[PDB]
């Protein structure tokens, strides 16, 4: 019975330290590890549920599951209902529910790629990949627990390679060495082993050969996910139901798209949101804040969006501004707009509750309309945050949504801010639970407490048993940030009538449909620079492509060298903002030495040149569930050498970025998949020219002023001329960079709209163009042309991998006014006068 291989032992004492006698009294095996691995584990005969009355419907299957021997947790639900729904050829969905009681649920050849079978006793669901018979899910490997406050469902994993389960500071590929991953949204500076600000109960598992599948557990309760080296995984949740989606891929990119089909495709940001953002805690007046913009401009640094932190508020209260340093706040923001820039400011969820009645409308009106989370006696739960005593809005309450909309619109009428930076929305609390503590009940003190920092669900947040419109906070806590993001998205649409721009700290699965994210209070360290790459990649896999870390780091003091490298890498975060803590030394680009400034300016210039391409990538994310920043393994999954690479990133399919992530380095070694990769430094923007890789690591020169960026052969990138804002840059002529395959082929595209309006795709108010290189010609193919985009000027075409000097270069049949060819770099640079929205033909020979 107890002869179970060490790596396949599932823990029978996850709840407490246990003796041999107690372990054996549970019906479990006790075998100490020889050096983590559980000492108390389930024998193969441990009582589980039994499958009964399996029946077939048009959807799939239904059955009853019966447990006859209780577990060691209280309130086993002895009779359950199983429902299996074969929803698409790629998506399998099953639920396990209590048929006697509605439990909490998170609010909202022709053949499938999967096949499903069931084990009868012990009960399990087994999902095969039909094409190769690989076992993807097999829940028979351990008992099913389903008690009121403890659900556990386990499965074998098809390999040691698994990614997902945000938010944690870790490699992109998670460790299967007895790792406990905790999902409970928590205000904590990112550090390993800890539950951070968000929770995404989704994983993508790679399979030998390069196929992959994904699993989403649609459950918002505090949970542990435990990975072990057999390899296997156990979901351990503290409430709700088991609601499981399996996505069959087979390509990792298809897995992600299929997942996003369920939770939502990324929202389309406004174009200006892709520009540079600059912020700190400590810009303590409008004068100082205006000087930031002046100082950036004077030193030729692009800046699209100026931000303020808590500084602007009156006594740290939402929807106010102080009349000392920020007396002329409205005028400052109007001026920013006149110069072609936008403005963002921090908003906290918590609302000051201590002011004299009638003196602070957000609280007074909130009270009148019953918008706040309430406690046992039905009053607002009062915590402590920046303004002092605060109540917490309940963003599951439709009346609170209406109130938030009003507060945002009213404040916007005073100061016309262009989006919302929503912070502290875990929700963070400076004290435990509330000013008045929390009651003693099973929600506050549950039978299984996941591995949360502080050892309690109340730590750094509000009472678990507090009341929200849809349910208790116990069930809804992990949705708090998401629900505020939805409320703010709608608020901004109503107040401004154009695309919302919301950047949120706390997130849950599906967040990306409404908003972006930044990774929080990262230290200004080389370690955190390096860690930002896997984290940015992870959030893209989870459908939140508008993600980045605070450039140069938030906590502590940056060094000049670190800030150069971080600006270089950060210029490839899809969301790029330099933000800085209150007590830190300044780290704006203009605050550094001239050479450092030059390097920071080059990084920003390159990003701005790439903005039409980055915007097109966001379009693909929004319309097709693509990633914007993506790991090498998503693009080359059949090359197993890519699987553990997470200190390089791609933008889309074609742009490979290999950053220096350590002090004192003048070179960097990165993986180059099979193909030709052209050095982007050979493309004129206002050392081998090509790496010919067999699939191999290559050491690259990387002096302090350089970040390595390579363009994949077979791809065409649209670029646009420079500006200190997108308002300026969007008016510039465009260019193409055309990276030829050895056979002379390349493809790419451009998506263009007005940069801001809602319902663009539905209304068809966009231009969409494909570019094709073939047989010494470049043409455009007009997928759609409208007023927005038709008149975009193409003035430069740069062709990489042209082996021999051309004798003539033609544009629409006529010799061009000017071209140059470099025999050393194999680059043909062509001046033209063409329009993106009209069919052209460029050729050479």
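Residue numbers count along the first chain shown, from 1.
Where coordinates are absent for parts of the deposited sequence, a chain break appears; between neighbours residue 686 and residue 687 it spans 10 or more residues.
According to the record, the deposited sequence contains 4 to 9 residues between residue 35 and residue 36 that were left without coordinates. Per-stretch averaging of Cα B factors for 720-728 and 535-543 places 720-728 on top. Averaged over their C-alpha atoms, the temperature factors of 802-810 and 50-58 are higher for 802-810. Among 341, 763, 467, 368, the highest C-alpha B-factor recorded in the PDB entry belongs to 763. Ranked by C-alpha B-factor against the other modelled residues of its chain, residue 73 falls in the highest third. Ranked by C-alpha B-factor against the other modelled residues of its chain, residue 701 falls in the highest third. Among the modelled residues of its chain, residue 86 has a C-alpha B-factor that falls in the highest third, as given in the PDB entry.
The PDB entry assigns residue 768 a C-alpha temperature factor belonging to the highest third of its chain's modelled residues.
Ranked by Cα temperature factor within the chain, residue 159 sits in the middle third according to the deposited record.
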